[PDB]
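Since the structure comes first, as structure tokens, the remarks are kept for the end.
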Amino acid sequence: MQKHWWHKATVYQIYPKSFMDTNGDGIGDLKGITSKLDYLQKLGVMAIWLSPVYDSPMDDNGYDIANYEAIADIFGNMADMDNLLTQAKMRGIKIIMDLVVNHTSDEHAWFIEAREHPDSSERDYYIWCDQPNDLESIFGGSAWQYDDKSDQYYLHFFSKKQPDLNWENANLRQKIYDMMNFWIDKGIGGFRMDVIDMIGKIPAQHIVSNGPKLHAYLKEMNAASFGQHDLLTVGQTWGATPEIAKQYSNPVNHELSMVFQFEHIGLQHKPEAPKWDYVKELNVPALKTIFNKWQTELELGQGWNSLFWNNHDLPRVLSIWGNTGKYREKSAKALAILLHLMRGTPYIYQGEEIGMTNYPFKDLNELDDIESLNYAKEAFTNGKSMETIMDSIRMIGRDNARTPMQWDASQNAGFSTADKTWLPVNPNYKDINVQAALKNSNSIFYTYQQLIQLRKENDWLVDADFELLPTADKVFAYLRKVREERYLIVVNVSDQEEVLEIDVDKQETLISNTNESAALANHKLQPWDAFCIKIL
Ligand SMILES: [Ca+2]
Ligand SMILES: [Ca+2]
Ligand SMILES: [Ca+2]
Ligand SMILES: [Ca+2]
């Protein structure tokens with residue numbers, strides 16, 4: 001397998017509204033990010049996945065873009081973006097921009113012209129229909145919005161203010177590529193592609209994800225933009241299987257570097273049940289099956305895995321799968337160790353490295369996310385009390401991932417000087433903040449730092465295979481093997497003491513959140529015990 005820079009990289013996701021505010025409007029901005037670049041360099045990440053900072057009415061907080069080549073006023077201006085690029089560059093960090101091209105804002109020039117002049121070219125940049133089908137929006141209701149003026153429905157798989165782009169239109173695709181090249185020329189490190197597996201959609205045939213033209217489109221995109229360069233491209237692919245992932249990430253296909261798959265995320269809810277009907281306890285054997293499948297199927301020189309627990313769309317991993325009480329730190333370290341020592345590119349969401357958690361939202365009025373609010377509006381009329389709804393949202397709502405980054409124990413956790421922040425700061429900031437984590441030599445932060453440096457400095461994290469070991473249900477254990485080198489990873493994914501009936505010759509300890517020697521000797525694991533040891 002040909003090696004690229006990003007094979008040694010760890011990616012850090014920044015949610016711009018919630019990272020750092022430098023002008024007291026209670027909203028994060030570019031200058032804040034740039035101001036915290038040294039912190040990010042100390043962590044050791046090689047790239048920043050920056051969630052959208054483009055011009056946007058913020059109805060889906062950036063993922064409804066009105067101008068792909070302008071910065072939203074709330075984040076600053078283009079000068080701030082350039083400065084972010086240059087400073088990050090100076091600190092050895094690349095910027096990965098969020099590419100959102102399945103849809104635009106309804107306030108994009110293209111759609112405004114599409115409505116103004118129905119005979120214009122950009123009218124066909126979108127998907128118009130006289131006779132709509134039963135396709136639903138992801139945010140509830142019909143995926144077809146009737147337009148009084150032109151008397152046609154336009155397609156939107158998300159919000160009504162996010163009309164879908166017509167990817168059957170080659171001119172539209174071309175303008176997308178022009179824009180992508182605009183950003184490539186500015187010196188970005190790559191693209192994260194929002195719901196990219198949807199661009200092959202054929203709504204008339206009820207085809208949404210994994211459409212027949214999808215990979216042709218991705219090949220065309222590659223050829224027309226980032227292909228010649230040496231960038232990291234990661235696609236968000238809800239409907240991805242390991243085979244489809246092979247199609248995406250095998251370099252000979254000339255498409256993407258890797259994709260985000262969500263099979264493990266599916267364990268956060270019951271099969272075929274809405275995500276709001278959340279699962280209470282992590283099914284560790286199920287996770288074993290899923291992770292093992294993705295590790296073994298995506299062989300080397302055949303595809304590349306992405307590794308993540310959580311993002312701006314998901315609950316923080318501690319709240320849904322970890323421990324938020326007595327074993328918060330230890331469980332956080334355990335999950336970090338478990339994920340990062342597999343093969344692939346790991347992604348750290350902001351605050352994950354200090355063990356931030358979900359927020360205890362009290363009512364709908366505190367919420368911002370359109371998905372949660374729409375869900376609430378529908379659920380309240382279909383037999384669910386507001387408290388039930390708020391419970392589900394408290395566990396699964398996207399706003400849980402979007403509370404302000406917790407930097408210290410000062411006002412608003414040092415995120416802002418404003419009286420109020422756009423989302424409330426979690427009260428646990430007095431115990432859970434960056435300053436305290438940096439001060440604590442054995443904090444979650446330094447576990448993440450160690451993992452990152454391990455990946456940066458050791459080829460076996462890339463080269464070695466994966467073998468799942470037969471263990472107790474809640475014990476996640478595997479071997480990474482390369483040449484004669486054997487690396488054992490053991491993680492007790494539970495609040496309970498578990499048995500460890502293996503006998504090995506420990507050569508050395510690479511990382512551990514506990515007494516690995518005592519665990520091996522007594523053949524038992526304390527709750528959330530996690531270590532990696534090189535064995536004979
Ligand atoms: Ca601000
Ligand atoms: Ca009319
Ligand atoms: Ca103030
Ligand atoms: Ca210290």
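To be explicit about the labels: the chains of the structure tokens are called A, B, and onward in the order shown, and within each one the residues are counted from 1, while ligands get numbers from 1 in the order they are shown.
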Practice prompt. Write out as JSON, numbers by chain each polymer residue (protein, DNA or RNA) that has an atom no more than 7 Å from ligand 3, with only C-alpha atoms and all ligand atoms counted.
Written response: {"A": [24, 417, 418, 419]}
Output for the residues just chosen: N, CA and C atoms as a PDB file, in the first residue's frame:
ATOM      1  N   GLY A  24     -17.658  38.121  22.206  1.00  0.00           N
ATOM      2  CA  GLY A  24     -18.757  38.228  23.149  1.00  0.00           C
ATOM      3  C   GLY A  24     -20.170  38.218  22.593  1.00  0.00           C
ATOM      4  N   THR A 417     -17.215  35.784  26.884  1.00  0.00           N
ATOM      5  CA  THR A 417     -17.423  36.780  27.928  1.00  0.00           C
ATOM      6  C   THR A 417     -18.893  37.185  28.011  1.00  0.00           C
ATOM      7  N   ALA A 418     -19.684  36.712  27.053  1.00  0.00           N
ATOM      8  CA  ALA A 418     -21.092  37.091  26.954  1.00  0.00           C
ATOM      9  C   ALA A 418     -21.912  36.587  28.137  1.00  0.00           C
ATOM     10  N   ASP A 419     -22.989  37.306  28.447  1.00  0.00           N
ATOM     11  CA  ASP A 419     -23.912  36.909  29.508  1.00  0.00           C
ATOM     12  C   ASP A 419     -24.455  35.506  29.267  1.00  0.00           C
TER      13      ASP A 419
END
Practice prompt. Return as number ranges by chain the residues of protein, DNA or RNA that approach ligand 1 to within 6 Å, with only C-alpha atoms and all ligand atoms taken into account.
Written response: A: 21-29
Those residues with C-alpha atoms, as an mmCIF file, in the first residue's frame please?
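Saved result, again_16.cif, follows:
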data_model
loop_
_atom_site.group_PDB
_atom_site.id
_atom_site.type_symbol
_atom_site.label_atom_id
_atom_site.label_comp_id
_atom_site.auth_asym_id
_atom_site.auth_seq_id
_atom_site.Cartn_x
_atom_site.Cartn_y
_atom_site.Cartn_z
ATOM 1 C CA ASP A 21 -15.820 32.998 21.062
ATOM 2 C CA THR A 22 -13.584 36.078 20.848
ATOM 3 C CA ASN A 23 -16.092 38.940 20.534
ATOM 4 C CA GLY A 24 -18.757 38.228 23.149
ATOM 5 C CA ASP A 25 -21.761 37.261 21.036
ATOM 6 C CA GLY A 26 -21.819 33.865 22.742
ATOM 7 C CA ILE A 27 -20.904 32.179 19.458
ATOM 8 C CA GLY A 28 -17.580 30.642 18.442
ATOM 9 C CA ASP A 29 -15.611 32.170 15.574
#
Discussion item. If the limit is 8 Å from any atom of ligand 4, counting only C-alpha atoms and all ligand atoms, which residues qualify? Return them as a PyMOL selection string.
Written reply: chain A and resi 438-442
Discussion item. Please return as a PyMOL selection string the residues found within 9 Å of ligand 2, counting only C-alpha atoms and all ligand atoms.
Written reply: chain A and resi 147-152
Practice prompt. Go through region 359-520 of chain A and collect every residue that DSSP, computed from the backbone, puts in strand (DSSP E); the answer should be as a list in words.
Written response: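 The strand (DSSP E) subset of region 359-520 of chain A is residues 467, 468, 475, 476, 477, 478, 479, 480, 481, 482, 485, 486, 487, 488, 489, 490, 491, 492, 498, 499, 506, 507, 508, 509, 510, 511 and 512 of chain A.
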Worksheet entry | For region 402-404 of chain A: contacts at 12 Å, only C-alpha atoms, fewer than 5 positions along chain excluded, given as an MDAnalysis selection string | chainID A and resid 13:21 26:29 51 61 310:316 349:352 356:361 366:369 397 411:416 420:429 433
Item to complete: Write out as a ChimeraX atom specification which residues come within 7 Å of region 282-297 of chain A when counting only C-alpha atoms, dropping same-chain ones fewer than 3 positions away.
Response: /A:242,263-264,321,343,466,468,473-474,476
Discussion item. Quick one: residues within 8 Å of residue 496 (chain A), only C-alpha atoms, excluding same-chain residues fewer than 6 positions away - as a PyMOL selection string?
Written reply: chain A and resi 526-528
Please write the residues from the selection above to a file, keeping N, CA and C atoms, as a short mmCIF file (atom, residue, chain, number, x, y, z; two decimals), in the first residue's frame.
data_model
loop_
_atom_site.label_atom_id
_atom_site.label_comp_id
_atom_site.auth_asym_id
_atom_site.auth_seq_id
_atom_site.Cartn_x
_atom_site.Cartn_y
_atom_site.Cartn_z
N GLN A 526 -10.36 -4.90 36.40
CA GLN A 526 -11.16 -3.91 37.10
C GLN A 526 -12.01 -3.17 36.07
N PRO A 527 -13.12 -2.55 36.51
CA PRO A 527 -13.99 -1.82 35.58
C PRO A 527 -13.24 -0.80 34.73
N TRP A 528 -13.48 -0.86 33.42
CA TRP A 528 -12.89 0.05 32.44
C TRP A 528 -11.37 -0.03 32.39
#
Fill in: Residues near residue 173 (chain A), cut-off 12 Å, only C-alpha atoms, skip fewer than 6 positions along chain, as number ranges by chain
A: 101-103, 122, 124-126, 165-167, 179-180, 199-200, 216-222, 224-225
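Here CA of residue 475 (chain A) is placed at a distance of 16.5 Å from CA of residue 340 (chain A).
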Discussion item. Just want the 8 Å neighbourhood of residue 209 (chain A), counted on only C-alpha atoms, with same-chain residues fewer than 5 positions away dropped. Output as a PyMOL selection string.
Written reply: chain A and resi 197-201+238-239
Worksheet item: From the set A:110, A:68, A:278, A:407, which residue has the shortest atom-to-atom contact distance to residue 183 (chain A), counting only C-alpha atoms?
Response: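 Using only C-alpha atoms, the shortest distance to residue 183 (chain A) belongs to A:68.
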Discussion item. Please determine, counting only C-alpha atoms, which residue among A:305, A:67, A:410, A:319 has the shortest atom-to-atom distance to residue 241 (chain A).
Written reply: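 Closest residue, counting only C-alpha atoms: A:305.
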Practice prompt. Extract the full set of helix (DSSP H, G or I) residues from region 266-414 of chain A according to DSSP on the backbone, and format it as a ChimeraX atom specification.
Written response: /A:266-268,284-297,317-320,328-340,352-354,364-366,370-380,386-396,398-401,411-414
Fill in: Pick from A:392, A:374, A:105, A:331, whichever lies nearest to residue 141 (chain A) using only C-alpha atoms
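Checking each candidate against residue 141 (chain A), we get A:374 as the closest.
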Discussion item. Rounded to one decimal, what separation in Å do you get between CA of residue 457 (chain A) and CA of residue 256 (chain A)?
Written reply: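 If I compute the distance from CA of residue 457 (chain A) to CA of residue 256 (chain A), I get 24.5 Å.
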